[PDB]
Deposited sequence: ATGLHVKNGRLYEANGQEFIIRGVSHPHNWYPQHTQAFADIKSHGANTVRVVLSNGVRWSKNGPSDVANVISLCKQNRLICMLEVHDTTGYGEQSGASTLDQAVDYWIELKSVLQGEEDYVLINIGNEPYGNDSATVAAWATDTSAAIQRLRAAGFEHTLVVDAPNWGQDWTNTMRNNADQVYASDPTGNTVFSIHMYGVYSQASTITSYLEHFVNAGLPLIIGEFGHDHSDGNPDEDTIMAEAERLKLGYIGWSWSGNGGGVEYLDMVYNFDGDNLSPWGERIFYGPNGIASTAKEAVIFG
């Protein structure tokens, strides 16, 4: 059965209530010991959590039982769970990345724990699945359409979330110009596009133009990741509120590799907010003042 689904370019629960995602990502794969984060994230008002999983290509695979446990943590804490395979990141540029087909192999393997959870879980097929290599960025639309068709053929009814090329930022506007072709390829219409806004989106003009393109065309869109400063997070949040689009900040805690300033809380301590955590949860157009829990939990 279908749970969350798309109607007229927007996201709805099965009872017909519109759902506007207001959440954060949590690096579950890399920090399995920090499962308290699910309740901590809920305590600050988020309605969704984007969970980092691995299909075993680049990190250690999250098996079915582990994924079942993450889904119950989401449900227990009344959060919609967006699961994502992180191994696809930067494919065609990043050495050892997974392809979307390898991500799809993994989702099919979890079929028995995901089927029947369509009201609670969204499947983000693969994070930022192309880097900037021109020849593989040119395959974004065909590869993404192929992955959707495989998932629907395996019986998945969930709403699927697909990321853009150019490491998620789509500065080539490949996702923007071709999302109509990809959307048409899902027989159920339950596909949502996801843009990640970092340094390409430091100007308000670029942010606004990108979001309006999708809203004016009825193409479903969420801001799957964004950071602060240098993207203009003030405009990203204001515009997401004005246009009623979902957004998900990166990330709860535990950033390494130079982006330690993207931690929202220090050392996974839910009461120890950084300035980014205070901006995204408690600032203007922030999670605590704008998010609404999914009505499926009432």
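Numbering the deposited sequence from 1, one finds a lone region with no C-alpha coordinates, namely 230-233.
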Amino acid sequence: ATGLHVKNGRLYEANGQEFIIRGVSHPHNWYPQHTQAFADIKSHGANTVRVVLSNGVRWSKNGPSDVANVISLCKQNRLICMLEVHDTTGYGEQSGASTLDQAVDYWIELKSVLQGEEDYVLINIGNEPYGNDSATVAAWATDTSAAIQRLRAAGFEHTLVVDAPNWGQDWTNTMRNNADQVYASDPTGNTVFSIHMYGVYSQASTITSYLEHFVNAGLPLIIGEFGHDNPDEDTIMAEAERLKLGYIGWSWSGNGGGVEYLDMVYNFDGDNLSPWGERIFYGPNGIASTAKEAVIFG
From here on, numbers count along this sequence of modelled residues.
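Look at the mean CA B-factor for 211-219 and for 91-99 in the entry; the higher one is 91-99. Here 236-244 and 261-269 are compared by their mean Cα B-factor, and 261-269 comes out higher. Within the selection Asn69, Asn29, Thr48, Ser251, the deposited Cα B-factor values reach their highest point at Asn69. Within the selection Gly227, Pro129, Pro187, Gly224, the deposited Cα B-factor values reach their highest point at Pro187. The entry lists a Cα temperature factor for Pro275 that places it in the highest third of the chain's modelled residues. For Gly116, the recorded CA temperature factor ranks within the highest third of the chain's modelled residues. When all modelled residues of the chain are sorted by CA temperature factor, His86 is found within the lowest third. Among all modelled residues in this chain, the alpha-carbon of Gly16 has a temperature factor (C-alpha) in the highest third. Placement of the Cα temperature factor of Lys75 within the chain: highest third of the modelled residues, per the deposited record.
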